[PDB]
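Participant: Quick one: the structure is below, and I'll ask about it shortly.
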Amino acid sequence: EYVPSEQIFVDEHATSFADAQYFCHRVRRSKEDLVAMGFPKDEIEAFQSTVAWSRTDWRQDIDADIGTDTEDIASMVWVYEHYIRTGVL
Amino acid sequence: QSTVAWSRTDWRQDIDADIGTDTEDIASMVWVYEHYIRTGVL
Amino acid sequence: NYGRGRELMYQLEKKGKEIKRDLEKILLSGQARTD
Amino acid sequence: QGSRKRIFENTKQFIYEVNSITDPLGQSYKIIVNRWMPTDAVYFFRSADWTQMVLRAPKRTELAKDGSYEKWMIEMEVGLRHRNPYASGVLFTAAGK
Amino acid sequence: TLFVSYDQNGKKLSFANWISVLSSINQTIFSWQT
Amino acid sequence: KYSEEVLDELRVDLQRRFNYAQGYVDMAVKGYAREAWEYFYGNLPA
């Protein structure tokens, strides 16, 4: 899948994916995939990247409600994915 | 709006008029709403 | 958000239906074009 | 007056409604109930003879931005026309007292 | 000592929005002939 | 075994979703499409 640049966050000291130390990519994933990995008893975990996107055009507004109920498992939610080179250990 | 944009694509048709079909006639066309939704209604 | 979140679209749909009902009532009501 | 009345031949069904009329000339008349009407008025018209001339759909739009103080605007604009003024009838209640 | 573990009730749930519902010309002036 | 309450909830959700979708799509597309069609025949410039 394609991925815009408005949903990407990288460090400054990097020049390529190879030497990149930290690389984040916000994603919009349903609550199903999250329930598949955590908090099965709780499914009500609600919440510039939006401005640049809503200004690429003048029709869309990512921070609006297209009609999805918040409790509906398919309700899309913002998750943070990260790739980090570090000795957390 | 759905009727305005259509009746303005041209200036001859008016979708919200009666072409002669009786309302009780079974073939009388009626507006129905079809939807495709991804949701856990269950 | 704490309680529900995303109230803008709810209010907007409410106002849309409100103006629809208002248009119906005022159109079926009689008033001159006083100008 | 002893000229018209109802009849129930062992019918367990009360129906106090009438929504269709036929005058001596033969012109039928459908009936519709709209709560958005004024109390003292009834309108005799036709669906096709009347049309709702719209200028712009609601067209969700914004006014300005002062920071977090968001606003929104609508631009609904319509107009009404009638084919012939002397084609849709109306009768009121007057002459009281 | 004294473990009961019957009063967690950490629901921390949010609202659900159970409200109820009760639901072209170009110029500014238009004319017709009769 | 579809419950009527389930269908009512679905109707409510779908109605609000359609309301939001219309409120968006109108100003997103149709407000431009109408004037584009008007320009198609040259009827917009008065």
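Residues are referred to by chain and number: the chain letter is A, B, ... according to the order shown in the structure tokens, the number counts from 1 in that chain, and ligands are numbered separately from 1 in the order shown.
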Per residue of chain F within 9 Å of chain B, which atom pair is closest and at what distance in Å (one decimal), using only C-alpha atoms, listed by chain and increasing number, as a Markdown table?

Facilitator:
```
| residue | atom | partner | partner_atom | distance |
| --- | --- | --- | --- | --- |
| F:6 | CA | B:41 | CA | 7.7 |
| F:9 | CA | B:41 | CA | 8.5 |
| F:10 | CA | B:41 | CA | 6.9 |
| F:14 | CA | B:35 | CA | 8.4 |
| F:26 | CA | B:1 | CA | 7.7 |
| F:30 | CA | B:5 | CA | 7.1 |
| F:31 | CA | B:5 | CA | 8.7 |
| F:33 | CA | B:5 | CA | 7.4 |
| F:34 | CA | B:5 | CA | 5.4 |
| F:35 | CA | B:8 | CA | 8.8 |
| F:36 | CA | B:9 | CA | 8.8 |
| F:37 | CA | B:9 | CA | 5.2 |
| F:38 | CA | B:9 | CA | 7.0 |
| F:40 | CA | B:9 | CA | 8.5 |
| F:41 | CA | B:10 | CA | 8.5 |
```

Participant: Please report as number ranges by chain which residues of chain E come no farther than 12 Å from chain B, using only C-alpha atoms.

Facilitator: E: 24-26

Participant: Rounded to one decimal, what separation in Å do you get between atom CA of residue A:33 and atom CA of residue E:17?

Facilitator: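 So the two atoms, atom CA of residue A:33 and atom CA of residue E:17, lie 23.8 Å apart.
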
Participant: Please determine the contact residues of chain D with respect to chain F at a cut-off of 9 Å, counting only C-alpha atoms, and supply them as a list in words.

Facilitator: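 Close to chain F, chain D has residues 56, 57, 58, 59, 60 and 61 of chain D.
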
Participant: Once you count only C-alpha atoms, what closest atom pair and distance in Å to one decimal does each residue of chain D within 8 Å of chain E have, with rows by chain and rising residue number, as a Markdown table?

Facilitator:
```
| residue | atom | partner | partner_atom | distance |
| --- | --- | --- | --- | --- |
| D:53 | CA | E:24 | CA | 6.8 |
| D:54 | CA | E:24 | CA | 5.5 |
| D:55 | CA | E:25 | CA | 5.5 |
| D:56 | CA | E:24 | CA | 7.3 |
| D:83 | CA | E:34 | CA | 7.3 |
| D:84 | CA | E:34 | CA | 6.6 |
```

Participant: What are the residues of chain A that have an atom within 12 Å of an atom of chain C, counting only C-alpha atoms, as an NGL selection string?

Facilitator: :A and (44-47 or 61-71)

Participant: Please produce an output containing N, CA, C and O atoms for each residue in the selection, written as a PDB file, in the first residue's frame.

Facilitator:
```pdb
ATOM      1  N   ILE A  44     -13.027   0.264  24.340  1.00  0.00           N
ATOM      2  CA  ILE A  44     -13.388   1.670  24.236  1.00  0.00           C
ATOM      3  C   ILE A  44     -12.148   2.564  24.290  1.00  0.00           C
ATOM      4  O   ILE A  44     -12.237   3.727  24.681  1.00  0.00           O
ATOM      5  N   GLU A  45     -10.990   2.036  23.900  1.00  0.00           N
ATOM      6  CA  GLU A  45      -9.757   2.812  23.912  1.00  0.00           C
ATOM      7  C   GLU A  45      -9.748   3.806  22.760  1.00  0.00           C
ATOM      8  O   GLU A  45      -9.161   3.540  21.706  1.00  0.00           O
ATOM      9  N   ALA A  46     -10.400   4.950  22.951  1.00  0.00           N
ATOM     10  CA  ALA A  46     -10.418   5.983  21.930  1.00  0.00           C
ATOM     11  C   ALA A  46      -9.107   6.767  21.958  1.00  0.00           C
ATOM     12  O   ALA A  46      -8.223   6.534  22.788  1.00  0.00           O
ATOM     13  N   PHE A  47      -8.983   7.712  21.034  1.00  0.00           N
ATOM     14  CA  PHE A  47      -7.790   8.546  20.946  1.00  0.00           C
ATOM     15  C   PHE A  47      -7.584   9.331  22.238  1.00  0.00           C
ATOM     16  O   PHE A  47      -6.927  10.372  22.247  1.00  0.00           O
ATOM     17  N   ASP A  61     -11.716  15.696   5.332  1.00  0.00           N
ATOM     18  CA  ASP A  61     -11.380  16.138   6.684  1.00  0.00           C
ATOM     19  C   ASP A  61     -11.208  14.877   7.526  1.00  0.00           C
ATOM     20  O   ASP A  61     -12.192  14.320   8.022  1.00  0.00           O
ATOM     21  N   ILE A  62      -9.958  14.439   7.682  1.00  0.00           N
ATOM     22  CA  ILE A  62      -9.667  13.165   8.319  1.00  0.00           C
ATOM     23  C   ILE A  62     -10.148  13.101   9.760  1.00  0.00           C
ATOM     24  O   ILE A  62     -10.385  12.005  10.275  1.00  0.00           O
ATOM     25  N   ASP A  63     -10.299  14.246  10.425  1.00  0.00           N
ATOM     26  CA  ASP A  63     -10.694  14.286  11.828  1.00  0.00           C
ATOM     27  C   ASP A  63     -12.204  14.379  12.009  1.00  0.00           C
ATOM     28  O   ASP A  63     -12.671  14.878  13.043  1.00  0.00           O
ATOM     29  N   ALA A  64     -12.978  13.914  11.034  1.00  0.00           N
ATOM     30  CA  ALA A  64     -14.428  13.940  11.103  1.00  0.00           C
ATOM     31  C   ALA A  64     -14.967  12.527  11.304  1.00  0.00           C
ATOM     32  O   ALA A  64     -14.221  11.549  11.385  1.00  0.00           O
ATOM     33  N   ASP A  65     -16.291  12.423  11.383  1.00  0.00           N
ATOM     34  CA  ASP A  65     -16.981  11.150  11.544  1.00  0.00           C
ATOM     35  C   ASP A  65     -17.684  10.809  10.240  1.00  0.00           C
ATOM     36  O   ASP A  65     -18.606  11.521   9.823  1.00  0.00           O
ATOM     37  N   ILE A  66     -17.252   9.723   9.599  1.00  0.00           N
ATOM     38  CA  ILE A  66     -17.900   9.270   8.375  1.00  0.00           C
ATOM     39  C   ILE A  66     -19.152   8.450   8.671  1.00  0.00           C
ATOM     40  O   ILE A  66     -19.854   8.044   7.734  1.00  0.00           O
ATOM     41  N   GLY A  67     -19.460   8.209   9.945  1.00  0.00           N
ATOM     42  CA  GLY A  67     -20.643   7.472  10.347  1.00  0.00           C
ATOM     43  C   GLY A  67     -20.361   6.259  11.205  1.00  0.00           C
ATOM     44  O   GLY A  67     -21.311   5.610  11.659  1.00  0.00           O
ATOM     45  N   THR A  68     -19.094   5.934  11.443  1.00  0.00           N
ATOM     46  CA  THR A  68     -18.760   4.749  12.221  1.00  0.00           C
ATOM     47  C   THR A  68     -19.013   4.991  13.703  1.00  0.00           C
ATOM     48  O   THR A  68     -18.556   5.988  14.270  1.00  0.00           O
ATOM     49  N   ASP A  69     -19.747   4.075  14.326  1.00  0.00           N
ATOM     50  CA  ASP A  69     -19.974   4.159  15.762  1.00  0.00           C
ATOM     51  C   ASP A  69     -18.681   3.872  16.514  1.00  0.00           C
ATOM     52  O   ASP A  69     -17.892   3.008  16.122  1.00  0.00           O
ATOM     53  N   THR A  70     -18.465   4.608  17.607  1.00  0.00           N
ATOM     54  CA  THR A  70     -17.216   4.472  18.347  1.00  0.00           C
ATOM     55  C   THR A  70     -17.071   3.085  18.960  1.00  0.00           C
ATOM     56  O   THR A  70     -15.954   2.559  19.043  1.00  0.00           O
ATOM     57  N   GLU A  71     -18.173   2.478  19.397  1.00  0.00           N
ATOM     58  CA  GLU A  71     -18.114   1.148  19.990  1.00  0.00           C
ATOM     59  C   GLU A  71     -17.968   0.044  18.954  1.00  0.00           C
ATOM     60  O   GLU A  71     -17.541  -1.060  19.307  1.00  0.00           O
TER      61      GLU A  71
END
```

Participant: Tell me the residues of chain F close to chain A, meaning within 7 Å using only C-alpha atoms, as a VMD selection string.

Facilitator: chain F and resid 16 to 17 20 to 21 28

Participant: For the residues selected in the previous step, produce a file with N, CA, C and O atoms as a PDB file, in the first residue's frame.

Facilitator:
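Just written: selection.pdb:
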```pdb
ATOM      1  N   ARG F  16     -27.470   8.239  10.620  1.00  0.00           N
ATOM      2  CA  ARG F  16     -26.485   9.260  10.972  1.00  0.00           C
ATOM      3  C   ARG F  16     -25.286   9.211  10.031  1.00  0.00           C
ATOM      4  O   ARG F  16     -24.739  10.257   9.651  1.00  0.00           O
ATOM      5  N   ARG F  17     -24.873   8.006   9.628  1.00  0.00           N
ATOM      6  CA  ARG F  17     -23.762   7.889   8.689  1.00  0.00           C
ATOM      7  C   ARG F  17     -24.112   8.521   7.352  1.00  0.00           C
ATOM      8  O   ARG F  17     -23.291   9.222   6.753  1.00  0.00           O
ATOM      9  N   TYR F  20     -23.976  12.354   7.703  1.00  0.00           N
ATOM     10  CA  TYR F  20     -22.613  12.870   7.643  1.00  0.00           C
ATOM     11  C   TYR F  20     -22.051  12.776   6.230  1.00  0.00           C
ATOM     12  O   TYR F  20     -21.422  13.720   5.733  1.00  0.00           O
ATOM     13  N   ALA F  21     -22.275  11.640   5.564  1.00  0.00           N
ATOM     14  CA  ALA F  21     -21.742  11.450   4.222  1.00  0.00           C
ATOM     15  C   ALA F  21     -22.325  12.467   3.253  1.00  0.00           C
ATOM     16  O   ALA F  21     -21.614  12.985   2.389  1.00  0.00           O
ATOM     17  N   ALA F  28     -18.223  18.782  -1.039  1.00  0.00           N
ATOM     18  CA  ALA F  28     -16.971  18.246  -1.558  1.00  0.00           C
ATOM     19  C   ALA F  28     -16.993  18.138  -3.077  1.00  0.00           C
ATOM     20  O   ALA F  28     -15.989  18.426  -3.738  1.00  0.00           O
TER      21      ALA F  28
END
```

Participant: Pull the strand (DSSP E or B) assignments for stretch 51-85 of chain D out of DSSP run on the backbone, and list those residues as a PyMOL selection string.

Facilitator: chain D and resi 51-56+61+65+70+73+77-82

Participant: Give me the chain C side of the contact with chain F, cut-off 10 Å, one line per residue showing its nearest atom pair and distance in Å at one decimal, counting only C-alpha atoms, sorted by chain and residue number, as a Markdown table.

Facilitator:
```
| residue | atom | partner | partner_atom | distance |
| --- | --- | --- | --- | --- |
| C:9 | CA | F:20 | CA | 6.4 |
| C:10 | CA | F:16 | CA | 7.9 |
| C:12 | CA | F:20 | CA | 7.9 |
| C:13 | CA | F:19 | CA | 5.9 |
| C:14 | CA | F:19 | CA | 9.1 |
| C:16 | CA | F:23 | CA | 8.1 |
| C:17 | CA | F:19 | CA | 8.8 |
```

Participant: Counting only C-alpha atoms, which of E:11, E:18, E:4, E:23 gets nearest to chain C?

Facilitator: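 Closest candidate: E:23.
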
Participant: Return as a PyMOL selection string the residues belonging to chain E that are within 9 Å of chain C, counting only C-alpha atoms.

Facilitator: chain E and resi 13-17+21-23

Participant: Go ahead and write the selection's residues with C-alpha atoms as a compact mmCIF listing (two decimals), in the first residue's frame.

Facilitator:
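What follows is the written file result.txt:
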```txt
# COMPACT_ATOMS: atom_id res chain seq x y z
CA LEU E 13 -16.06 3.28 29.94
CA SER E 14 -17.13 6.24 27.81
CA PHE E 15 -20.45 7.43 26.40
CA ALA E 16 -22.21 5.54 23.60
CA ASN E 17 -24.36 8.19 21.85
CA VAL E 21 -33.72 10.66 15.72
CA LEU E 22 -36.89 12.23 14.26
CA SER E 23 -35.86 12.55 10.62
```

Participant: I need the contact residues of chain D against chain C, so if you could list those with any atom within 9 Å, counting only C-alpha atoms, and return them as a ChimeraX atom specification, that would help.

Facilitator: /D:35-38,58,60,72,74,76,80

Participant: Dump C-alpha atoms for the selected residues as a PDB file, in the first residue's frame?

Facilitator:
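Okay, part29.pdb is ready:
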```
ATOM      1  CA  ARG D  35     -47.765  18.232  10.662  1.00  0.00           C
ATOM      2  CA  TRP D  36     -45.819  21.191   9.231  1.00  0.00           C
ATOM      3  CA  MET D  37     -48.994  22.992   8.144  1.00  0.00           C
ATOM      4  CA  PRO D  38     -50.878  25.810   9.881  1.00  0.00           C
ATOM      5  CA  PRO D  58     -26.466  22.846   2.107  1.00  0.00           C
ATOM      6  CA  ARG D  60     -21.026  22.256   4.351  1.00  0.00           C
ATOM      7  CA  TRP D  72     -19.228  26.292  10.386  1.00  0.00           C
ATOM      8  CA  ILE D  74     -24.452  26.524   5.557  1.00  0.00           C
ATOM      9  CA  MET D  76     -29.041  26.646   1.751  1.00  0.00           C
ATOM     10  CA  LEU D  80     -40.844  28.214  -4.975  1.00  0.00           C
TER      11      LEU D  80
END
```

Participant: Just give me the gap between atom CA of residue D:95 and atom CA of residue D:46 in Å, one decimal is fine.

Facilitator: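 Pair atom CA of residue D:95 / atom CA of residue D:46 returns 28.2 Å.
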
Participant: Would you mind writing down, as a list in words, each residue of chain C that DSSP on the backbone assigns to alpha helix (DSSP H)?

Facilitator: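 Output for chain C, alpha helix (DSSP H) only: residues 8, 9, 10, 11, 12, 13, 14, 15, 16, 17, 18, 19, 20, 21, 22, 23, 24, 25, 26 and 27 of chain C.
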
Participant: Point out the residue among D:62, D:77, D:85, D:13 with the least atom-to-atom distance to chain A, counting only C-alpha atoms.

Facilitator: D:62

Participant: Please measure the separation of atom CA of residue F:2 and atom CA of residue A:43, giving the value in Å to one decimal.

Facilitator: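 According to the coordinates, atom CA of residue F:2 and atom CA of residue A:43 are separated by 23.9 Å.
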
Participant: If we count only C-alpha atoms, what is near stretch 7-20 of chain A at a cut-off of 10 Å, once residues fewer than 3 positions away on the same chain are taken out, given as a list in words?

Facilitator: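 The residues that qualify are residues 3, 4, 23, 24, 25, 26, 27, 28, 48, 49, 50, 52, 53, 81, 82, 83, 84 and 85 of chain A.
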
Participant: Find the residues of chain F that sit at most 8 Å from chain E; for each, write down the nearest two atoms and how far apart they are in Å, to one decimal. Count only C-alpha atoms. Sort by chain, then by number going up, and give it as a tab-separated table.

Facilitator:
```
residue	atom	partner	partner_atom	distance
F:12	CA	E:21	CA	7.2
F:34	CA	E:24	CA	7.5
F:43	CA	E:26	CA	7.9
F:44	CA	E:26	CA	6.2
F:46	CA	E:27	CA	7.6
```
